[PDB]
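Residue numbers (full-length UniProt numbering), protein chains in the order written: chain A, 19 to 371; chain B, 19 to 371; chain C, 19 to 371; chain D, 19 to 371; chain E, 19 to 371.
Cβ atoms here follow ideal geometry from the backbone N, Cα and C, with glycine treated the same way.
All remarks here apply to the structure that follows.
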């Protein structure tokens, strides 16, 4: 006769990623909490706070062009994309009748951590009263750029730039020249459907060149917002409560291909103007992700018997041949016949213009 | 006994526009993804990045008037409308009993691509500390103007201007003088119901003269917003998820007349202040459209038998006659009798004032 | 067996106002599209663009006071209210048993036309770099004021002002002195319940004196917003889709008294700073209205037999008499007896304080 | 057979407050429209517009402190609260079985009247171009403070201040020293639960000292918003349509105690910078209230027989006695026994810490 | 036959915390109203308004760094977290069959008190016209930071900072060095999962170091928002009506562990620039909480019989042993067998990569 508490979801086990090595069942729900650190310029390797004052979390500087044509942005100056991949375990397969189980990111709680740290108004920055060098060491202000993305495959990026005459270093960074082995053209200033990439690496794709692709991303939900200016005050809101839903109009949400779950982010909060000159280090704050995923039965796309084709693709030679696909293709026409239609008149009659 | 995945819409075939040459059926749904590049000033033809530094994507300059009456805005300075037309295939006709099938833009996902590229703060622009020419090369700021429009027929535009004494070039651009062959009058500064146009051309209708017509556009859904100022920081938000619905209060949405689908856009993000003088090139970013359309049965409006009238309109001469329609019309009155009403008193009694 | 299209409202006839001369029925719905031009200062009569450069659409100037007491604002400087009245036809009357049919504004789509025209950044305005007189001719900025109102009777206005010592011209404009024949008092600086008016005229009621009356307007829905400042960037949004509903908590909406429908508006977008001095012409953009109205059966208020009273009011003389209504009224008390109540005690017992 | 109009609430009688002297019934609904004028500094008594230019509606000036300790804010400088009380009539009493009828503020439509009057940009204020004293006489800008409150009893206020060393005049204004007869302490700079008051007077409680009490107000719904700064452009929106609901989570809303209904407001719109020095008069606009109330049956709280206690409280002397309530109370303990509980163990066992 | 009023929740007793010593029942609801004062710099102990002018409620000053490496922020300069704990009474226990009753914060009404006090524009602050030292004593402006949190256990905090070379005092304040006994490293500039803390103390955790932990807080609902800049005008809104709900997706809300209820807050409203130099005291306003809680039956987690283990943990010695948990653990593997599975093949087959 004692009172019954209210039913809530039962927590089997908590811990680290090794917890996922437990075969739970078909109705289990996993909540993974991770975070991503801002990689904008200074790498995290020289750990000592004496090499430069430890700009980890900040950029190294900014040095304007010396003429119209001379632009060399010095990779440790460019804020870049942060990415991470959580490898989830394997699931069931039901090959006796085609189907397969795979993870499914159902929702996400994200939050930029460390807004209050910008209330550090001591320090050796440009003062608010420069005629006497007194007052307040101006806080972080300027252009802000907040993007995050949760997906089942790496973010597809598209290349846009300001003047395409910028000469980015050819090492330690990925630019449009690294992927399209030629130079950058004027069409890279607006939209070139050939300047595409993925977000495989981390800290190498600058955010001023590579933007999330609207056409491509299908297994990825990305949200973003940009706020320009020179003294635009930062604005942040954090909350323990409100959550984003990652489902789509069919009610699916990002299915984790392979088995990984890909998180991407960039959180640029403004600048910081030093004292001797007006050097303008960037600032970026980490982003906390909490992804709620479940297990969904899908249809196995690939005819795994095709591994014999792989066998037939291994023993058969690698052929050069003559171009039958692409630009100079030598295939005149291909027509597919399926049923029995009555004898037509003009056998090719379509859009009239 | 194996588990059944969840039903989703089945994807027949994907690819380019040639995919549309497949006779699908009455319940098929098409998703077309296109993009529009910003045409504001510099045309895309001189591809070399040496003619001027390749302002493709930017305007060429801005040169203020030399007196009150002297205004010659130099067509490669004026941002203009971008438009494109996707030609969809032909559909069924059911002329045995009047009706007809035609496409119907059901929804749209749009997104301005390339916001982060405005985080290029190196380069030879006006610095943030001009007394020493040091700091940051000021980013893009200023008046912004974001409009897009999805329709079944070209956007109808209306002409408004600042001072109507501006002398626009009479070549390569479409102004109020090109359409109303006379000059511009003072009523063109507020609203002239005769300064109307369509958006047939592309890159020729400047956005400072031709605004979307509120009275006319019936088969077109257009959304827009303007934000003035001189240093107004740009603001953009992009997202993979949220979508616009193009239906109206009857639940129809733009029916693609002819068979084309017309996309129009303009995305002005601000200015760019160079160093030698304060020349003020514009900036514009491309816009990605993804239109979801379906097939609707409508009523065939035109009595196609009227082609005989066309025959009767071809053999009969072209007559001059005396004005029977318009300004100097010579038709005194026209009355239409339909039924049998009782003998009235005063046979013309209407609004009393 | 052919497919049936979807039912939509049937369009009988379209055209101009003469279309309304067709006796439609009890379930017809009318959509009237009109526009209102901004009347702020310069009247539209001197059509030539040589009298001053044709400030139609703009104000003429602004000349600050010469001392604390000397204010003469020069009517062609003051932005004023725009109003228009569409005269709808007469409807049925059912006097055999008291009732009457009259129009009813059900909804409205409004839109300020001509936002992009403020992207005219050439021209002879104050430049953005005045130390060299170079850069951009500053665009329209400043205090903005957007009001519109759809009603069945003219807008009721209330008079407020800054210092009541301003001497407005006594011709061509309507001020608080024109309506309350005495001067302006200090109570006109906050709220005087006697400084009331209507919006009968057009272009004569300045918006800095006459504000929409909250107490009075019952058959009028007015919406407005003001945004002060000196360099506040303008902000506008236009859309083909979203519509306002003019119903009230009883579900009626403005019933067109008489038969007219009254539209009122004012759209002040900022200023324009010229070059020689800092003269500050205003700017205003036209507003497009599209009102959807229907026909409602109401109760005929007036006992039309009272026309005999009008007869009795015409033959009987015009009497001076002694004041029986108003300030010095000579009516001691009036009591109305209706039924049979029991003998009361103290026959006048009400709020005790 | 004639058509029936749609049912709406029937209007018995309209007019002034004397209308309320009509015994309507149990389902009648009253709509009272009033307004409140801004009382910020200059009182309304010297009506002539020659004493100072008639700052009615404005403050008189502002004179900064002469040292850290010397603050004397000169009552006609401080904006204060506006309040008014509408005395409603008496209602039924049903003392034969305890219950009582009283009014109940069900909803409210409020609106600040006179936004457009801030478009008075002539006049003798500080010009926008001070180096030549030309341009525009700067409009009203600055800190804004909009509060209103509808209740059944006067607003309860709480005292907060900036430096508690301010010496407010001891006449014509109500400060924390007037209510707590001692001086102001440092705890008055953050929150002192003893610096409480009501809003009985009008124009005497400055808004920089007395803020609406969150703990106390139970029969009062107050809404407010503050916007600081020095040149913050004002922003106002007025509308004929949208209304506030004054009910609470039980669906009651302010029951008018006694019989009065208390309206309170303050609407500070910014400053006004004069020319000779930078004197900074405030500006305030009136607020229009329209309260919709009804009649509710409640439970009569007081045992009106207690009037005999009042008799026993009148004939019995006024005793000094020894402190039995308060700070030095001499009541050791009070225990109330109600039923029959089993013999307990430790007879006082509560929160363990 | 007399009319029945509407049912509302019955108020048993009101007063202070001693009211909670009444054994109410299982369906009682408690509403506790408290407030938290801002602890930012100057402690409340030197009560006299002569030690410095009584900065209680403000910070003491701000003194910028003297070089890149020299930062000593002087604890009475740093705004810190405010926290309080309301100790609720004990509730029932039903140990005969495992379950237990405990409080549950169901909702909260919070409000920052004292916005209007920032309309104190006299006083000895930096004037608005410094070239003559005249005008208005500039009001509070700048970076603002509003956080509050209601929980059943103290807020878990995470350490982030600007340059980790800042030397905070090692007394009277809690920094990352006080909790991680070593120094601060570069990873403390972005995110170190080891720089965690709780909010046990009050006024000792500066808000520029300790931010609410997103990963940890489970029994705590925290809301916050930051707004940077140097002259960002403050913005506040207060209301008697609207309330926050503290439930979660299971409908539980913070269960008060132990028996306490923990409130935390920080409300930084900007700065204040004095006259002699540009010293920049902070400003903070108190926050009023009103928490509505109820009594919920939960499951008693701990096997209270484990007190014998405590006995066995008291008599058994304190062992040093060899590391079996942690970094250098000497436990090779642990496997748990539960049922009878068929003989497997490769007995360890998991995620393949």
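In the structure shown, residue 63(B) falls within a coil segment according to DSSP collapsed to helix, strand and coil.
The beta-carbon distance between residue 101(A) and residue 273(A), rounded to whole angstroms, is 19 Å. This is too long to meet the 8 Å contact definition. For residue 171(A), the closest of 206(A), 182(A) and 216(A) by C-alpha to C-alpha distance is 216(A). Apart from the 5 residues on each side of it in sequence, residue 285(C) sits with its Cβ closer than 7 Å to the Cβ of 56, 130, 164, 302, 303 and 305 in its chain, given in chain order.
Pairing residue 196(B) with residue 188(B), the inter-Cα distance amounts to about 7 Å. Listed by position along chain C, the residues whose Cβ is nearer than 9 Å to that of residue 82(B) are 139, 140, 141, 142, 143, 145, 151, 152, 153, 154 and 155.
In this structure, residue 205(C) keeps its C-beta atom at 8 Å or more from the C-beta atom of residue 237(C).
Taking a cut-off of 8 Å for Cβ pairs, the stretch 63–81 of chain D and the stretch 247–263 of chain C do not touch, as fewer than three such pairs fall below it. Assignment of residue 112(B) by DSSP, reduced to helix, strand and coil, places it in the coil class. In the displayed model, residue 40(C) falls within coil according to three-state DSSP, outside both helix and strand.
Interface annotation, residue 233(C): in contact with chain D, CB-CB separation under 8 Å.
Nearest in C-alpha terms to residue 366(A), of all of 107(B), 21(B), 112(B) and 279(B), is 107(B).
Interface criterion not met: the Cβ of residue 79(C) is under 8 Å from no Cβ in chain B.
Residue-level contact by beta carbon holds for residue 317(D) and chain E, with a gap shorter than 8 Å. In this structure residue 245(B) is buried. Its beta-carbon is surrounded by 16 or more other beta-carbon atoms within 10 angstroms.
Here residue 60(D) is near residue 94(D), since their CB atoms are less than 8 Å apart. Neighbours of residue 225(C) in chain D, taken as residues at a C-beta separation under 8 Å, are given in chain order as 134 and 137.
Taking 8 Å as the cut-off, the Cβ atoms of residue 98(E) and residue 253(E) do not count as close. Chain D has no Cβ within less than 8 Å of the Cβ of residue 299(C). Inclusion of residue 317(A) and residue 109(A) in the CB contact set at 8 Å is not warranted, their separation being larger than that value. Taking CB atoms only, residue 344(C) has no neighbour in chain D less than 8 Å away. Listed in chain order, the alpha helix (DSSP H) runs fully inside the stretch 140–220 of chain D are 194–197, counting runs of at least 4 residues. In this structure, residue 146(E) lies near residue 296(D), with their beta-carbon atoms less than 8 Å apart.
By the C-beta criterion, the stretch 261–270 of chain E is judged to be in contact with the stretch 122–137 of chain E, since at least 3 inter-stretch pairs fall below 8 Å.
Per DSSP, the continuous beta strand (DSSP E) segment holding residue 243(B) begins and ends at 238–245. For residue 282(C), the uninterrupted beta strand (DSSP E) run begins and ends at 278–291, by DSSP.
When DSSP states are grouped into helix, strand and coil, residue 326(D) belongs to the helix group. The alpha-carbon separation between residue 45(B) and residue 220(B) amounts to approximately 34 Å. If you look at residue 50(D), you'll find it in the beta strand (DSSP E) that goes 47–54. Residue pairing by DSSP puts residue 101(B) in a beta bridge opposite 282(B). In the DSSP assignment, residue 128(A) falls within the beta strand (DSSP E) that extends over 118–130. Rounded to whole angstroms, the Cβ separation of residue 299(A) and residue 153(B) is 12 Å, and the two are not in contact under 8 Å. For residue 306(B), the neighbours in chain A by C-beta distance under 7 Å run, in chain order, 232 and 233.
In the three-state DSSP reduction, residue 310(D) falls in the strand class (E or B). Nearest CB-CB separation between residue 261(C) and chain D: not below the 8 Å threshold.
Within chain E, the residues whose beta carbon sits less than 9 Å from that of residue 55(A) are 205, 208 and 209, listed in sequence order.
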